[PDB]
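# Coordinate inspection notes
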Amino acid sequence: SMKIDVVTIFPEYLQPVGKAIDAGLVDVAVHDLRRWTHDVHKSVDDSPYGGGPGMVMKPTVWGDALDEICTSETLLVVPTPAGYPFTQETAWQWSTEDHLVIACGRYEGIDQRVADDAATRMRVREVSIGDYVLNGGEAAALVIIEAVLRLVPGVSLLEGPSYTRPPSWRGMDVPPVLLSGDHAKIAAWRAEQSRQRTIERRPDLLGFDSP
Amino acid sequence: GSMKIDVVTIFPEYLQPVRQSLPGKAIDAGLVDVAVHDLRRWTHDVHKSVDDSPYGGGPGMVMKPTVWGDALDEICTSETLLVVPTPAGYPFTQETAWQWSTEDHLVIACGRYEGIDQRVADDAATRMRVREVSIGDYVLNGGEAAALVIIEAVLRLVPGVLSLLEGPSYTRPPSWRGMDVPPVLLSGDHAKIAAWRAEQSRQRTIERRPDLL
Ligand SMILES: O=C(O)c1cccc(CSc2cccs2)c1
């Protein structure tokens, strides 16, 4: 059993309701960060100190929210292009956690003091899901949850090509070996394929130079 | 400029957020159109089948060439760029988003389980440009959230629609819970602040991303 919490200013995104199939092995909650503002305008951003383009999310509003939602046992996830890589190994690790809280930021970023503060009560991980930029952590929140949840109790190199019926389609055939029943020959051919594909699409995975 | 995105999936509900995350004005100006399609209208049987056992043995299922064949024949033109998210794909980077941002028709095929029959992509590639791609180093159940990422990533690069690491950022108030904003940022010395940020970026990148260096 495991509890996942998500905070965003766009709570409509996370509503798919895959990760959806649950027989109560985990519960998931989504919160509107505006639930913790006070002024009539609901202001959650301000201009950066030192200058530069765009807005930053205020430290006070996030701080209040997390006070209410987080505990000392909590793992705090902050998706961000400036964070550590989020890999298969990270998913395995977080599949054992009791409590995850994902903080979705928009604009240019969130005050640094927010995660520095949190880091004195609970454990915090700033993470990047890939080398590209999004508008907000909302999509990243989703990716992280899919990757993590599919490893939770009760649910190398690259993988080569897959086939199924029919054995001949539009004049293209399934590789004979797959049809012949030799468990040996099929494992070998499959290993060859998987390796031939990594050298091409992902040379770094076998310690080579990236294109 | 003017871009059309078709998405095929056995979960068309999942893609609710992309079309509910769009500026109305760009839809009015013909800057982008996004259509989601349920992969099952192209099924041939009364059970509406999308997958089938792996040739060669193994666990998990493979997706039928017959169905995806029908589907792509209908949606794709020969100007089409066919995107297929998979963990065995090429890396989807920022350079990739930039490139695709100037394309006219993007077709994204969302597969599930252990993939789509290889022949589908093989065949498509005889009459259009196909790109199989991985959004990161981890396995997701299906291609759906990957599609979400890619769409958001590419469209925030189309005007009027939606190297080291960036260092910390701060805003009002100057003091919060006993932590102060770095005093250099209020100094009025902009040549000096440009350099402070530079160091911050380097340090960060060394810690978090020593590959980039
Ligand atoms: O922290 C923020 O305020 C912020 C600003 C922009 C975008 C995001 C999530 S973006 C992302 C990029 C790669 C992996 S995740 C967050």
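In terms of determination method and resolution, the entry is listed under X-ray crystallography at 3.06 Å.

### A short note on the overall build of chain A
A count of helical and extended segments in chain A gives six helices and 10 strands. Computed over the C-alpha atoms, the radius of gyration of chain A is 22 Å, more than 25% above the 17 Å expected from 2.2 N^0.38 for a compact globule of 211 residues. For chain A, the spread of C-alpha atoms along the three principal axes comes to 70 × 45 × 35 Å.

### A few points about the nonpolar core
It is characteristic of soluble globular proteins that their nonpolar side chains tend to be buried jointly. Core analysis: the largest hydrophobic core is formed by 64 residues, its most contacted members being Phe86, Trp94, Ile129 and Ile144 of chain A together with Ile5, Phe92 and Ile135 of chain B. With residues up to four places along the chain from it excluded, the contact list for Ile129 of chain A reads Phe86, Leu134, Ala140, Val143 and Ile144 of chain A together with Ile135, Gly136, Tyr138 and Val149 of chain B. Core analysis: the next-biggest nonpolar cluster, separate from the first, contains 23 residues, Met57, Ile69, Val114 and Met122 of chain A among them.

### Here we look at helix α4 (residues 138–149) of chain A
Residue and element names in this part refer to chain A. The terminal C-alpha atoms of α4 lie 17 Å apart, and with 12 residues this matches the ideal 16 Å at 1.5 Å per residue to within 8%. Summarising burial for α4: 12 of the 12 residues are buried, a large majority. Taken together, the buried positions of α4 are occupied by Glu138, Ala139, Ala140, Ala141, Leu142, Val143, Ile144, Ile145, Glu146, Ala147, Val148 and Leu149.

### Thoughts on the packing of α4 of chain A against helix α6 (residues 144–155) of chain B
At a closest axis distance of 9 Å, the pairing of α4 of chain A and α6 of chain B adopts a crossing angle of 160°. Judged by the angle between their axes, α4 of chain A and α6 of chain B are roughly antiparallel. The hand of the α4 of chain A/α6 of chain B crossing is left-handed. Contacts from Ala139, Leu142 and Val143 of chain A in α4 of chain A reach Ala145, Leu148, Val149 and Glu152 of chain B in α6 of chain B. Within the contact of α4 of chain A with α6 of chain B, the residues separate by chemical class into six nonpolar, no polar and one charged.

### Description of the packing of aromatic side chains
If you walk through the whole model with that rule in mind, you get four aromatic pairs over all chains. Through a chain of ring-to-ring contacts, the aromatic side chains of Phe86 and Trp94 of chain A together with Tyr138 of chain B assemble into a single cluster.

### Some points on the site of the ligand
Residues and elements named next belong to chain A. Near the ligand lie 17 residues; those nearest to it are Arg106, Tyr107, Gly109, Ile129 and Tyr132. In this structure, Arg106 approaches the ligand through a main-chain N or O atom, which is 3.3 Å from an oxygen atom. Contact distances for the ligand include 3.3 Å between an oxygen atom and a backbone N or O atom of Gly109. Contact with the protein chains covers 95% of the free accessible surface of the ligand, which is 410 Å². Listing elements by their share of the shell around the ligand, those giving two or more residues are β5 (75–85) and β7 (109–110). A per-class count over the shell around the ligand returns eight nonpolar, seven polar and two charged.

### Re the pattern of salt bridges
Applying the stated rule across the entire model yields 27 salt bridges over all chains. The partner of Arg121 of chain A in a salt bridge is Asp67 of chain A, with the nearest N and O atoms 3.0 Å apart. Placement of the pair is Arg121 of chain A in the loop between α3 (112–118) and β8 (123–128) and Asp67 of chain A in helix α1 (residues 59–69), with a sequence separation of 54 residues. When its relative accessible area of 37% is taken as the criterion, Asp67 of chain A is described as partly exposed. Between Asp73 of chain B and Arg170 of chain A there is a salt bridge, with the nearest N and O atoms lying 3.0 Å from each other. Within this pair, whereas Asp73 of chain B is found in helix α3 (residues 65–75), its partner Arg170 of chain A is found in the loop between β9 (168–169) and β10 (172–173), the two belonging to separate chains. Note on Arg170 of chain A: relative accessible area 41%, which makes it partly exposed. In this structure, a network of salt bridges that share partners links the residues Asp67, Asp117 and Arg121 of chain A together with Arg177 of chain B.

Rules behind the numbers
- Residues numbered from 1 in each chain as written, not as in the entry; some residues may be left out.
- Chains lettered and ligands numbered in written order.
- Heavy atoms only, no water.
- Residues with missing side-chain atoms left out of burial classes, pairs and counts.
- Helix = DSSP H or I, 4+ residues; strand = E, 2+ residues; numbered from the N terminus.
- Rg over C-alpha atoms; globule rule 2.2 N^0.38 Å.
- Core = buried A, V, L, I, M, F, W, Y, C linked by side-chain atoms within 4.5 Å.
- Buried < 20%, exposed > 50% of the residue type's maximum accessible area, 1.4 Å probe, protein only.
- Contact = heavy atoms within 4.5 Å.
- Expected span 1.5 Å × (residues − 1).
- Axes fitted to C-alpha atoms, helices over the stretch in contact; angles between N-to-C directions.
- Parallel < 35°, antiparallel > 145°, perpendicular 65-115°, else oblique.
- Left-handed = near helix turned anticlockwise from the far one by under 90°.
- Nonpolar A, V, L, I, M, F, W, Y, C, P; charged D, E, K, R; others polar.
- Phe/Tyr/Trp six-rings, centres within 6.5 Å; stacked < 30°, edge-to-face > 60°.
- Near = heavy atom within 4 Å.
- Polar contact = N/O pair within 3.5 Å; in protein donor to acceptor, adjacent residues only side chain to side chain.
- Areas by Shrake-Rupley, 256 points an atom, 1.4 Å probe, with all protein chains shown as cover.
- Salt bridge = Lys/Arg side-chain N within 4 Å of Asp/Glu carboxyl O.

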